[PDB]
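Next comes just one chain, in structure tokens: the form deposited in one PDB entry.
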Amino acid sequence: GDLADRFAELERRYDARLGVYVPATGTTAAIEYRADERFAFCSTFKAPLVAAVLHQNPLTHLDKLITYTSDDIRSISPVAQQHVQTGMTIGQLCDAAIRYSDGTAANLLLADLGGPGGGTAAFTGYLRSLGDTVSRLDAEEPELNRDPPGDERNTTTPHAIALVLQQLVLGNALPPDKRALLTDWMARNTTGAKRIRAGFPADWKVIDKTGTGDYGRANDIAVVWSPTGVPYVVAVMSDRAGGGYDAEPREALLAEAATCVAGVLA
């Protein structure tokens, strides 16, 4: 058979552009499909954003209380919009950014990284330090989700973000005690049940971070473990630029691409 033909069929059926990367292992080939094409990060950036913060700080930093106002709620913030009065610790912000895709938490984590673009440059610099020459983040929540397709300023590639996640979760970019935190937050994500999770059998472990935006953008980046405990990284990105800026994102496309990948890996 040819897996690429089957991904091409998903594109036809969902009227979508699909990008997939699964890095090769000691026993498996890479899965790649438009893996070097650019796709908007959307909220997938929040996974490596949390890593950047962990990298730069001792664990005690997680207990640091961050204060903010209602006027800082400029994006979808399921958690931060209920803690304006008390504020939120860096740890709580990390938790919210990943598990609830909280945009205000991300903006505050970017300010925590520091520098121009409110932390966007620091973020991109972190990616460069992991060997990512491709990805870029220029804007904050919510603008970073709403660029036209031809603007590369807030884009990654399935290949680039997969190898970033590979280093962070399964590699040695982070020391174990920081790697554990990222892993766990992604493990207990609430936003991903209809994406990569829905494509793997229930005896596989799935950790993930979603992204959604304009032009029908739907992304999921995951690390999965077989029932035998063999890990793989799965990045799936999608958009539907032919349907305009308000094209409906299709979680089903991600679930079905994930299903195709699971067929290959099982």
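Residue numbers here begin at 1 and follow the sequence given.
160 to 168 and 113 to 121 differ in mean CA B-factor, and the higher of the two is recorded for 113 to 121. Once the C-alpha B-factors are averaged per stretch, 237 to 245 and 213 to 221 rank with 237 to 245 first.
Per the deposited coordinates, the residue with the largest Cα temperature factor out of 143, 132, 184, 102 is 143. Residue 230 sits in the highest third of its chain by CA B factor, as recorded in the PDB entry. Ranked by Cα temperature factor within the chain, residue 34 sits in the middle third according to the deposited record.
The entry lists a Cα temperature factor for residue 49 that places it in the lowest third of the chain's modelled residues. Remark: residue 81 belongs to the middle third of its chain, ranked by C-alpha B-factor as recorded. Ranked within its chain, residue 207 lands in the middle third, by CA B factor from the PDB record.
Keep in mind that the form solved in complex with a small molecule is not shown, yet the notes after this line are about it.
In the entry with it bound, the small molecule lies farther than 4.5 Å from every heavy atom of residue 91. Although the partner is absent here, residue 240 sits close enough that one of its heavy atoms falls within 4.5 Å of the small molecule in the entry with it bound. Using a 4.5 angstroms threshold between heavy atoms, residue 17 stays clear of the small molecule in the entry with it bound. Of the heavy atoms in residue 159, none are within 4.5 Å of the small molecule in the entry with it bound. The candidate stretches are 122 to 130, 176 to 184, 108 to 116, 83 to 91, and the one lying within 4.5 Å of the small molecule in the entry with it bound by heavy atoms is 176 to 184.
When you look in the entry with it bound, the only residue of 76, 163, 139, 134 with a non-hydrogen atom within 4.5 Å of the small molecule is 76. Taken together, 169, 212 and 246 are fully in contact with the small molecule in the entry with it bound: each brings a heavy atom within 4.5 Å.
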